[PDB]
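One chain follows as C-alpha cells, the form deposited in one PDB entry.
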C-alpha cells in the first residue's frame, strides 16, 4: 500500500515471492509445484523447463532424463558480482519457503513428497550441477524441517502442561470438552512430528547417506557441515553413535576443506558441556584420528584439530 506501510513490514523480494507462491499453491497445487520444480531446474543452470503435461504424466525419472539432455558451469560455481549472493539467496529461499508452509501446506502429503522426490532424483544425477544444487537444497531443507520440529516441541510442551492441569482438575469426573480438545491437540501435534521425522528420514536415507561420500569434495563438505548443524540443533534425534559414525568416517577424508568441516562440526558439539556425555564413545573411537590431525599437513585443519583437542581436554 503506502510507503510507510511497505517499509514498516520489511518483506524481502524472497519473502514476497514465497507469499505469492503460497497464494498460487492454494489456487492450483499443480501449477505451483511445476513452478517450484522449474525453480530447482533453473537453479542448476539447466536451460529446459517442465510443462504441465510432463508434470502430470511423467515420473521424476523421465523429467530428470529429459532435462539431463537440455544441458549446455552452473549458478553455484559462477564467479562474478552478479552471482556473489546466489548461494546465500538459494539457501534463504528454502528456509523462507518452509518456515511459511510450516503450519498447513508441509503436512499436505503432496508438496513435501514432490520436492523431496525431485531432490532425491537430482542427487542421483551424473550431472555435477544437478547433484551439487539438489544436495545443498536437501541439506537446507532438512535444517528447515528440524526448525519446524523445534517449533512443534514448544507447542507439544504447552499442550502437555495444559492437558495435565485439566486431567488433574477433573479426576472422578466425566472427561469434558476442554480435555477432549487437548487430548486431540496433543495427538495432532505428535502426528505432525511423525510426518516431519518421516521427511527427515527420506532426505537422510535418500540423499545424505549417498552424498556425504560424493566424488565432488564440495558436496562432501556440504553434507558434513549440515549433519553438524542437525546434531547441535536437535541433540536427542541426531546426536548418537549411528549419525556420528558419518563424521568420524570423514575425518579420514583426502581434502582439507572436508577435514576442516568435520572438525568445525565436532567443535560446536564439544563446547556444550552438556551433550559432552553423549560424545564419550565417539571420543574413545576417534581420539587417535582427531589427535593425529593436530599435525594434519593442511595448516588450518591442524589449527582446528588443535582447538578441538583443547575443548575435549577441558571437558
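Rigid core here is just the name for the largest C-alpha set that superposes within 1.5 Å across the two forms. Numbering follows the first chain given and starts at 1.
Of the other entries compared for this protein that flank it with modelled residues, all give atoms for residue 155, so not even a third lack it. Of the other entries compared for this protein that flank it with modelled residues, a third or more give no atoms for residue 172. In this entry, residue 72 and residue 73 are separated by 4 to 9 residues of the deposited sequence that lack coordinates. Just going by the entry, 171 to 179 versus 125 to 133 on mean CA temperature factor gives the higher value to 171 to 179. Stretches 162 to 170 and 200 to 208 differ in mean CA B factor, with 162 to 170 having the higher one. Remark: of 232, 155, 220, 87, 155 shows the highest value [criterion: C-alpha B-factor in the PDB entry]. Remark: residue 65 belongs to the highest third of its chain, ranked by C-alpha B-factor as recorded.
Sort the modelled residues of the chain by CA B factor and residue 224 lands in the lowest third. Among all modelled residues in its chain, residue 40 ranks in the lowest third by Cα B-factor. Ranked by Cα temperature factor within the chain, residue 83 sits in the highest third according to the deposited record. Annotation for residue 30: C-alpha temperature factor in the middle third relative to the rest of the modelled chain, per the entry.
Unshown form solved in complex with a small molecule; subsequent notes refer to it.
Site annotation in the bound PDB entry: the residue of 104, 193, 158, 89 reaching within 4.5 Å of the small molecule with a heavy atom is 193. This chain appears without its partner; in the bound PDB entry, the one residue of 73, 109, 72, 236 with a heavy atom within 4.5 Å of the small molecule is 236. The stretch in contact with the small molecule in the bound PDB entry, judged by heavy atoms within 4.5 Å, is 228 to 236, chosen from 77 to 85, 92 to 100, 128 to 136, 228 to 236. At the 4.5 Å threshold, heavy atoms of residue 150 reach the small molecule in the bound PDB entry. With the two forms fitted on their core, the C-alpha shifts between the shown form and the other one stay under 2 Å for all of 99, 232, 161, 84 except 161.
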